[PDB]
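Asks: Below: one structure in structure tokens.
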Amino acid sequence: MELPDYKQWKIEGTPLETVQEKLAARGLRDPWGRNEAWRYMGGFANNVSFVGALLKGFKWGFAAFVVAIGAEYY
Amino acid sequence: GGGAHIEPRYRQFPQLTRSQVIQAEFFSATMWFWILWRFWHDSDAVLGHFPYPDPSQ
Amino acid sequence: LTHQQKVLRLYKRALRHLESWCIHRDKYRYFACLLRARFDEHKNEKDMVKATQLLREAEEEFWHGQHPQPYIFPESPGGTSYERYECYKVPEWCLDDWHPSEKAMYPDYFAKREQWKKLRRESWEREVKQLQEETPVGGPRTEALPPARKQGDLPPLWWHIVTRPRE
Amino acid sequence: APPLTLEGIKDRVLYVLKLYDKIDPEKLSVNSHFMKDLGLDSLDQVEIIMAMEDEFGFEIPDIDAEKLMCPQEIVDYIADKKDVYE
Amino acid sequence: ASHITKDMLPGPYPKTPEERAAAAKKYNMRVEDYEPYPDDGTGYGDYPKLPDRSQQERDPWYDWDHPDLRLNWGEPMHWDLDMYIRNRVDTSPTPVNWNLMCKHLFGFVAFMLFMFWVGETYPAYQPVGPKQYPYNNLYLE
Amino acid sequence: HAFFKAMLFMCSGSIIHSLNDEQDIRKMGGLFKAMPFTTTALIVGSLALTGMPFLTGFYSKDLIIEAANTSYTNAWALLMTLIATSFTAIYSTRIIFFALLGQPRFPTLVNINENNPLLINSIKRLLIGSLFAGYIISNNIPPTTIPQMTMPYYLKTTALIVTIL
Amino acid sequence: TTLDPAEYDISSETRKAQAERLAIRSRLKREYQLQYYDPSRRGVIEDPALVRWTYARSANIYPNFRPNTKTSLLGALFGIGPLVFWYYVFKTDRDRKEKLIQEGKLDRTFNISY
Amino acid sequence: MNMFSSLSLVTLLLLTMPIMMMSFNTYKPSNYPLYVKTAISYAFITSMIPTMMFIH
Amino acid sequence: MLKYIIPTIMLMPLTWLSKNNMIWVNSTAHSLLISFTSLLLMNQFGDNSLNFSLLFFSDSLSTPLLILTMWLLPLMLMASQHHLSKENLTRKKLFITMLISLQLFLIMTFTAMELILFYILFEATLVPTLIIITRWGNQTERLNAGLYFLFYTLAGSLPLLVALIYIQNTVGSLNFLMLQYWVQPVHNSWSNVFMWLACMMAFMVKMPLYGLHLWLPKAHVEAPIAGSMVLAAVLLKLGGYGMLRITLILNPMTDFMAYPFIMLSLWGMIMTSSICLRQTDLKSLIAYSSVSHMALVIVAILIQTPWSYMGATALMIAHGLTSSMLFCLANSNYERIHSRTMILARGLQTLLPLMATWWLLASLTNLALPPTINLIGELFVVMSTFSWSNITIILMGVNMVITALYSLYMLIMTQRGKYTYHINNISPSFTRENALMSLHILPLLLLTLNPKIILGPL
Amino acid sequence: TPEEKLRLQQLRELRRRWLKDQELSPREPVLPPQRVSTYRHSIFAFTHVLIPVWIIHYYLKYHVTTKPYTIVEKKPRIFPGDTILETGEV
Amino acid sequence: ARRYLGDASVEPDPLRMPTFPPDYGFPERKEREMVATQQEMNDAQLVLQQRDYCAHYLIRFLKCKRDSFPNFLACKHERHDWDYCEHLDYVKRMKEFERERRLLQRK
């Protein structure tokens, strides 16, 4: 019900949030960074990949492709 | 409402029903088995070619 | 439109048209104070043309590059599915003529109907009495006294007090 | 199809107080009136709801500025707009 | 049934301050950019003194417009200027009057010079001259 | 073609209801945010729309662009048809790169749901009927014309590489 | 392209005492809302902005009208104007079409309709 | 051979029936999309029968 | 007519003879009973021809046109009762009797056996119409419109008498259309122009050209109780058909000067429908639709050689049923909002759902959706004047374009909402409001099954 | 703003007060009132399709012998495999 | 079309031909022509642009489509042989510009 209890996110990963580190020569500084990093962190670094996503990992890429071939064949 | 069988979230990634992924992974296998007759056996152009018919005299 | 809130109505859209331009989420967020830095140049000074050149040159670089089909917040003056709930549209007080055996259903809602009308049918001895007094001759916007000094009934009663709910 | 109650709107408005690094979790709950620690003229009147501009953000018209001083007066008419609690 | 100031009269210089507003509050005190002087094009019977035309135009802007309604749905009291063409008006776009649309079809207008030629696949342009000979040169043998 | 978009409108129709409205290519996120089935159905038809490596309308698409091979055309027509095939490829990954790739960005209360078997009965019939459509239709049809069946060197198979780029 | 449409300009302090033009429309709205709310009306309000919109458009153009100009005598370029041109076309057909129909033939054997 | 189009006019005539029964001839316990979804469900398999008769 | 006139005069000493408020039910009861007898002996066969009895009837043989004339007295009494029931019974007995007295002369008209019996009955009207225009209207501009309805119809019709009496003592006698076997032709002269022109121009004043239509949005705009003679005045306009009786014979070979009647009525067709899209009076919106695709018959009669008479007859009773009902759609929905301004009636389509179908199936007959009696009428006119010159498909095609955008503009003004006002407008379109709105489309789409009944000779 | 502090706190005591009245299901106030009152797949399916095919055939076999043109069927499209040679494959 | 002589019957739709209309024909090697039987080509319901060469091999090819009715391939190798009938026909036609480029040069 109250799942976003504060002091939960507390930037540790989310390499998007190293851009706030980039402005250290500029300085803003503190407010605020935890808005866009709501669901940037967590288990949301799954983040499906290159052509292997449209291959779906090339998972069954040759699965029964060679398993059917072959017998009889005399 | 009446039935909360899929709950709302606060970005905690509500998951699947642990049976949808079976039908999901089943229809990637049926198409990459269907690359069978794409290569074995079907080539680029099964026609035969001409060997440059210059000597016509 | 005062000069105090002249920048503010431009300030809300200066970031709003920006976020339709980005592709990441941090791309907007890394540009947040960066967009604020140009806006924080002139902080505290006069109100004349000394400071109107913040605005008189804000036509360029805001209208120039202004929102190539931006995000529209779909329930809005524009944008899709904004005024779409209209096949129902809540035709409130269409319940005048029934020729009953159709007034059989909801016996309690028709019971509660005649109760609320006493505030509607009888408020004109009180609300319209001060309405000639509180409004001096022809003055600006016609809101009443916000409690009407004993009981605000309403003045907006009941078309703004019992208006159409959305679904 | 999903309904809503009034206990969720009291938390999200209160949470983005804590999400801002300019404001500590030591200010008042419903009425700090935003002048307790205002500044500037700009960016403490529209930026204070710029976080909810992304979250709730149903285009939030020009009237919404000076009513939003009282931080309970924000909570008042969000229930009026989106067809909310009883 | 209202007979006093039913409509206009043969104006538009019949002491214009008496018109808007005796009724028909187009102007406040005949300096409002809508005093009933605007008979533009006298000699035409159209638009007399007329709490009416050439007033500012192009839209009910069909948006927020929030005193309550103020534009086209919700009917304010006296704001009709000219209508029946304002059912679905628009506004200025991001560019203005760079007619690249006729220039967009001009690309095939240059490629109408490619309609003069043919598209034979075999062979290519063949830089020989009068040695292409697309149909026939000599007899059967 | 009739099996393509009545799938694909209905495929994305589960998505618009899933966020309850945006229908924008912005503010979407990645593919698998508990969306296993329809993203798998998206990468079939949008791969069919690439230009058919071995998919459904390969017997409709390839046989016509190689029916314009030997022709008396405008010679600006093949400079307008075959160039349009390359533009059909960036149609595919665009909805991938905004709705099926990126980090999850959209306003909160993730109210997604996909388990109504009315939709699951809908897609599972058409996706199976999609794949084996032309391999039954074109396999069982009277031929009415004489095919081309000639395509020499450096002029023949680049129409796939038109789609690859 | 139709039109500019002049969405920003200047002020402050060109004629700063121009205010209370809202006092006109607030007077109308205080007149209207007091008219619109009542417990027993059962019928529309007159609102003579419509009445002056029809009656100054339906009638009151011909009692207005004097032919003092030539831009109301412009209508001979618009009324009898194109009607001259449609006669010029239709007698070139049905005459050039007629001579070919009599001198020589153009239609075939299976022209029963017509 | 006489059943080539005799089964095909079944397809062009059956779809009129959920408009005829829409004029209140003792309608179903309501669920009215189910009546039409099953109305098409038998109209498809009738239409495919002369398609096989053509390809012979 | 053996005796169709003889029962319908017997309707007249039934109304005053009756009791109190029974006078509505007594008149509408018996008036429906003629519709069997009207059909009964008529529609017989059929191959050259049915001369009927005597010097009083040629039975309206090849142009039926008369069954529609007999629907209306049991169609208008149910329509007129909306705002009439505040006057005295002594005048309520009057307004039923002159309405029957208008149907009496129309019955001996359209059949008429002659050409001089036609005229005296062609002019036997316009006295009982004018009584319905001047008395029983609304606020003023009745009285000038009562005079614009005269002095066009009567200024033109008097040079008929100069020419019809001229024929009666030149070539035999005109008394029969079947003594018109001996017809001398009419060549090119300077007196035979005027014989053609005076005999024709009195028909143009009723079915209008683009010029001299100036009386048509006067009588229909300011109009009786609920379209009560406006339904009659649309039949009376198409009851100037007699150009089909005259010009087929009786100067047959003057097409030489048809051209100022063609181009005036073929370019006027494309403009007088275009000049209505900015109307603000709702009953004047329909009143210009009645100008446009009535004037398509004027280029369909003067162009001879059928495949046009196939269509020119079907167009006379195309909008005989359509434009009647559109006036009935506007004679209703004025009893509830007391203005005919089309702006004001918004917020609708939620409040009155059952009559949404009555708007559309009206306006779907101008779009005309080919299996009706409408696009079996236009597509014979189109395929006729194509064979005059090929270029006429352009103007007549743009005629089809603009009236598509024109008919929907009257529909789509009711699909809006929030209604802003209107504590009135409660009445949920009662049993009478749908009954007299029915019996229009119920014969209109019925006759599309076998429309061989609607055809000329041809 | 000091003015609407008194305002809009009574509006919730009017709007939501009516909206308190608006949510209304006491004792299911649809009466309806009066009155009363998978496997088969037997009478639902047989009534739909099986009856008109009996009808529409009857206006078809009794129709080809009446109208002087029935259905206008084409020819058999036969190859030389009945009474002719092949002849190669030369 | 190799002959340009008269036509006895006035039957259009160029079945009134010398025997059989080729695409060009013949022209050199061979200078001859020939095809199937025109009395069978009209007996077989077959459209134009199918009375060219390799028709008799195709008239026996597509017969097995019905002679093997619930089949997937009547003869897939003969389809590669009818294409080999077609490709040998077409490369015979491709030697135009091998000759016409050179035979139009001087000598």
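Sequence positions for chain K are given in Swiss-Prot numbering; the residues included correspond to 6-112, in order.
Heads up, the Cβ atoms here are built off N, Cα and C, so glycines get one too.
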Asks: Among K:36-46, K:80-90, K:102-112, find the range that Swiss-Prot records as motif 'Cx9C motif 2'.
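Replies: It is K:80-90 that Swiss-Prot describes as motif 'Cx9C motif 2'.
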Asks: Residues with Cβ closer than 8 Å to the Cβ of K:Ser73 (phosphoserine), same chain and 6+ apart in sequence?
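Replies: The list for K:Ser73 (phosphoserine) reads K:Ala79, given in order along the sequence.
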Asks: Whole-number Å distance between the CA of K:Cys80 (disulfide bond) and the CA of K:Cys90 (disulfide bond)?
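Replies: Cα-Cα distance, K:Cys80 (disulfide bond) to K:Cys90 (disulfide bond): 14 Å.
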Asks: Within the motif 'Cx9C motif 1' (K:59-69), how many residues are helix, strand or coil going by DSSP?
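Replies: Each residue of the motif 'Cx9C motif 1' (K:59-69) counted once, the result is 8 helix, 0 strand, 3 coil.
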Asks: Quick check: in three-state DSSP terms, what is K:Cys90 (disulfide bond)?
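Replies: K:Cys90 (disulfide bond) sits in a helix per DSSP.
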Asks: Suppose we draw a 10 Å sphere around the Cβ of K:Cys69 (disulfide bond). How many other Cβ atoms does it contain, all chains included?
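Replies: The answer is 16.
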Asks: List, by number or range, the same-chain residues at least 6 past the domain 'CHCH' (K:56-98) whose CB is under 8 A from its CB atoms?
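Replies: Same-chain residues near the domain 'CHCH' (K:56-98) but 6 or more away: 20, 25-29, 40-41, 45-46, 49.
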Asks: Cα distance, K:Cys69 (disulfide bond) to K:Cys59 (disulfide bond), nearest Å?
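Replies: Here the two Cα atoms lie 16 Å apart.
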Asks: List nothing but the one residue from K:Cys59, K:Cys80, K:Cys90 whose Cβ has the fewest other Cβ atoms within 10 Å; the candidates are the disulfide-bonded residues.
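Replies: Across K:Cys59, K:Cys80, K:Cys90, these disulfide-bonded residues, the one with fewest Cβ atoms within 10 Å is K:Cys80.
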Asks: Could you measure between K:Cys69 (disulfide bond) and K:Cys90 (disulfide bond) for me? Cα positions, answer in whole angstrom.
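Replies: That comes out at 18 Å between the alpha carbons.
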Asks: With DSSP as the reference, give the number of residues of the domain 'CHCH' (K:56-98) in helix, strand and coil.
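Replies: For that range the per-state counts are 29 helix, 0 strand, 14 coil.
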